[PDB]
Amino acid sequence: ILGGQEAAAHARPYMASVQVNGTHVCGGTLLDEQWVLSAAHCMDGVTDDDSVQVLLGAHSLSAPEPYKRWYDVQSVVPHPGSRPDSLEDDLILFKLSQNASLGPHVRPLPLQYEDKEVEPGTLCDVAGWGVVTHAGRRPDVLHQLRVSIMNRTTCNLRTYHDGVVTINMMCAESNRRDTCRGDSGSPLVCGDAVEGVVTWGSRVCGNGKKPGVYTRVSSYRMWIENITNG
């Protein structure tokens, strides 16, 4: 996150760090005791020699904390429409190899199921462990930013994203303060629920004419239900 600030520790206990070979690559959101939702492009370039884990309970990625726990993954379920060369269907579900222990620092947040556009100007919250400077400083601790939603008709104008934002996507303002590399997969929380998941990890950061894009979770409610069904 560019232009944000260090979050309150553990105040977003749904926040997961998706890790390859022991290093953060993406955010994610804990859905229940067994599933984590992220972005499919988080797996791009992951080979069978690599190990994927989910870190729950974390504020710092390096310092000792009482409920930080690393989980192996037993199922990796990219959305069938996801591709490395495409912005579309950029969701993935991870099933943890062992049930997550819930507590003060580890708790799921509901997903939005209602297919409802968020009104432009609404302030929603995004948090992640992505870069905090253009030169690529990785923060040790979770950062957060309140972002202003932009309607789809605006975000698709030729001066912004020029028609690529689908009905299953949503946008937010990106002038100076923005999500950036390593924030992919982090949830966008609007109200009481997850509304979106950061996509477009390669997008330039902090250019107001290249808005933040997020995959709308309500658009994928059927797939999420079917995959995560108990």
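Numbers follow the displayed sequence, beginning with 1.
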Higher-scoring stretch by recorded Cα B factor average, 192 to 200 or 44 to 52: 44 to 52
Higher-B stretch (mean Cα B-factor, as the entry records it), 26 to 34 or 157 to 165: 157 to 165
Residue with highest C-alpha B-factor in the PDB entry, from 106, 91, 135, 109: 135
Candidate residues 146, 79, 143, 83, the one whose C-alpha B factor the record puts highest: 83
Third assignment of residue 206 from its chain's C-alpha B-factors: highest
Position of residue 60 among the chain's modelled residues by C-alpha B-factor, lowest, middle or highest third: middle
Residue 121 - Cα temperature factor, lowest/middle/highest third of chain: middle
Cα B factor band for residue 219 (lowest, middle or highest third within the chain): lowest
For residue 17, the third of its chain into which the C-alpha B factor falls: lowest
